[PDB]
Structure formats: C-alpha cells, structure tokens
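Asker: So I pulled this structure from the PDB, and the sequence comes with it:
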Amino acid sequence: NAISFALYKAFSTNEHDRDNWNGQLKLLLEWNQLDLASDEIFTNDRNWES
Amino acid sequence: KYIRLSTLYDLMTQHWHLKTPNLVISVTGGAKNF
C-alpha cells in the first residue's frame, strides 16, 4: 500500500496519461489498490467508455 | 409507449392508469458511466 501509492504518483503526474488512463489501471491492477482505483480512476469526471 | 415531443395529464391519467400520490425524480442525464 506504500510502494504502489508512490509508483502511481510518479505515473499520474506525467501529464500525458489523461488519454492513457488505461496505463494507470493496469498499474493499479498489477498491485492491489482497490480504494485508490475506485477514487482516482473510476470517478466519472474522466472520460472512459467501459 | 413512445411519444415524440417538441396538457399532457388528461389523456394519460384518465385513459391509461391511476393518479400519483408521490412523485420522485432522479436527475442523472445520459451519463453512460455510473
């Protein structure tokens, strides 16, 4: 819960993964971060198609 | 029962069904993601 929370921050602040939100999901799926993915990826202000 | 739109109450509450002692409205809009 500390490594993946740190690795996600350096990924999210690259300013090129707004379109590449799919990279942040497979990162949070390689680890086990439910609460982080439910709050910062699946929160409906971003545009995904499901 | 499709109706295209652009009063309403008379043909739909006498010929179709009952009155409405409550009326809830859920405002979501066409958000495909929820």
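Answerer: Great, that's in hand. Numbering: from 1, shown residues only, chains lettered A, B, ... in the order given.

Asker: burial count for the residue of chain A found nearest chain B?
Answerer: In chain A, the residue that lies nearest chain B is residue A:44 (5.2 Å; CB to the nearest CB). Just so you know, the C-beta spots here come from the backbone N, C-alpha and C atoms, and that holds for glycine as well. Residue A:44: 10 surrounding residues under other CB atoms under 10 Å in any protein chain shown.

Asker: repeat for residue A:42
Answerer: Number of residues near residue A:42 (other CB under 10 Å) recorded here: 13.

Asker: how close does residue B:9 get to chain A?
Answerer: Distance, residue B:9 to chain A, by CB to the nearest CB, to the nearest Å: 35 Å.

Asker: Just list the residues touching that residue, thanks.
Answerer: By CB atoms under 8 Å, 6 or more residues apart in numbering or on different chains, residue B:9 lies in contact with nothing.

Asker: Contact partners for the residue of chain A closest to chain B?
Answerer: Going by CB under 8 Å, 6+ apart, residue A:44 touches B:31, B:33, B:34.

Asker: Now do the SS call for the second one.
Answerer: Reducing the assignment to helix, strand or coil with DSSP: H, G, I helix; E, B strand; the rest coil, the entry for residue B:33 is coil.
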